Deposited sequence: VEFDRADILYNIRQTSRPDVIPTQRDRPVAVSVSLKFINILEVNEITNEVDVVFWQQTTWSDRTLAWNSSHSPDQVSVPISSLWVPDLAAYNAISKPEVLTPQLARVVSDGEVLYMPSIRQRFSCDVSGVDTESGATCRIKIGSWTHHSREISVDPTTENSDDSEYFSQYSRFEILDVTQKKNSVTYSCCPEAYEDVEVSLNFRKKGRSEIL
């Protein structure tokens, strides 16, 4: 039953150890589902956004045989390793709006999708036109380079009561290298093309 699965998880899950298999990197899939655009300032180039951050990855230290057992459980994220994702152009702390629970499938596949309110620095010019503005958000591991964590991409849920509407969303994979460091860090660049409603 579920208590057993959680107990075993508590026994074997190592929340501070990245679950790399055969010394290849962990493949993290990240996809943003925009829910609201709350505040926009064309002068400062700052936006206040609400989004579901769909995150999936594999951790075999959580897996169990589900032949006559449940095949999925909800588990506190503190009992699990979670990717240390950060939005590189963020200017507020992510405000998590939802219960911090992840879904674990018996094969060790993990899905964690918090609802997040966060403020970003990005290009707001054109928000009042019909081409719209395009705000770019880059999300990637803060401390794990491309050999430890890879980041891959995978408007339906957007609020009808926003002052804004979404024209398009593109999610592309990027990789940034730095002076200080020899390795490249992956991110997904999320282009939010949106404009103020007419």
| query | finding |
| --- | --- |
| Sequence order list of spans that the model leaves without C-alpha positions, deposited numbering | 1 to 3, 158 to 163, 208 to 212 |
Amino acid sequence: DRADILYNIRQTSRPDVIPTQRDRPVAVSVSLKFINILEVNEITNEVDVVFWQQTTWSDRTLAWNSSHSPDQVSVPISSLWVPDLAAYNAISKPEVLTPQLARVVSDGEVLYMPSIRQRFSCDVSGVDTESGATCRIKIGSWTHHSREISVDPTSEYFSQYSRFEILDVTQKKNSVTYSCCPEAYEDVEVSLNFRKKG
From here on, numbers count along this sequence of modelled residues.
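Between two forms, the rigid core is the largest collection of C-alphas that superpose within 1.5 Å.
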{"property": "Higher C-alpha RMS shift from the shown form in 8 other deposited structures of this protein - 29 to 37 or 169 to 177, rigid core fit", "result": "169 to 177"}
{"property": "Rigid core superposition result in 8 other deposited structures of this protein, more deviant of 155 to 163, 47 to 55 by Cα", "result": "155 to 163"}
{"property": "69 to 77 or 83 to 91, whichever carries the higher mean Cα B-factor", "result": "69 to 77"}
{"property": "Residue range whose averaged C-alpha B-factor is higher in the record, 53 to 61 or 127 to 135", "result": "127 to 135"}
{"property": "Third of the chain's Cα B-factor distribution that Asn36 belongs to, per the entry", "result": "middle"}
{"property": "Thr177 by Cα B-factor - lowest, middle or highest third of the modelled chain", "result": "lowest"}
{"property": "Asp168 by Cα B-factor - lowest, middle or highest third of the modelled chain", "result": "highest"}
{"property": "Third of chain Cα B-factors occupied by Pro25", "result": "highest"}
{"property": "B-factor third for the C-alpha atom of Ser155 within its chain", "result": "highest"}
